Amino acid sequence: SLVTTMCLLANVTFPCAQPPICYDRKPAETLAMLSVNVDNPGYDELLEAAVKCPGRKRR
Numbered sequence: 001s002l003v004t005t006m007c008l009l010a011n012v013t014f015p016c017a018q019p020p021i022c023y024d025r026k027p028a029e030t031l032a033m034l035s036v037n038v039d040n041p042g043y044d045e046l047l048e049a050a051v052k053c054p055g056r057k058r059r
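Residue numbers for the sequence shown follow PDB author numbering, beginning at 1 and rising by one.
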């Protein structure tokens, strides 16, 4: 089968592209999460997603 790219948070797995939250909500947690996924090939996907800004806006 094809494999999606998975990243780790806690003892849970999730798509690297789609983490549950971002930097603005909790900066410490986000960085910690990024550090945990340093080894993973998906890491850059995770960095991009974690780093981008929020939903409450028109554009």
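Virtual Cβ for every residue (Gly too), placed ideally from N, Cα, C.
Would you list the residues sitting across from residue i in a DSSP beta bridge?
i	result
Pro54	According to DSSP, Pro54 bridges with nothing at all.
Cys7	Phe14
Under the rule that 16 or more other beta-carbon atoms within 10 Å means buried, what is residue i, buried or exposed?
i	result
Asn37	buried
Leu2	exposed
According to the Cβ coordinates, are residue i and residue j closer than 8 Å?
i	j	result
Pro19	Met6	no
Measure the C-alpha to C-alpha separation of residue i and residue j and round it to an integer number of angstroms.
i	j	result
residue 62	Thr30	Past the edges of the chain, shown from 1 to 59, lies residue 62, and the structure says nothing about it.
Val51	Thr4	21 Å
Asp39	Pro54	27 Å
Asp44	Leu9	15 Å
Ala49	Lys57	17 Å
My understanding is that residue i touches residue j, with C-beta atoms under 8 Å, so please give their C-beta distance in whole angstroms.
i	j	result
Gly42	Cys22	That pair is no contact at about 17 Å.
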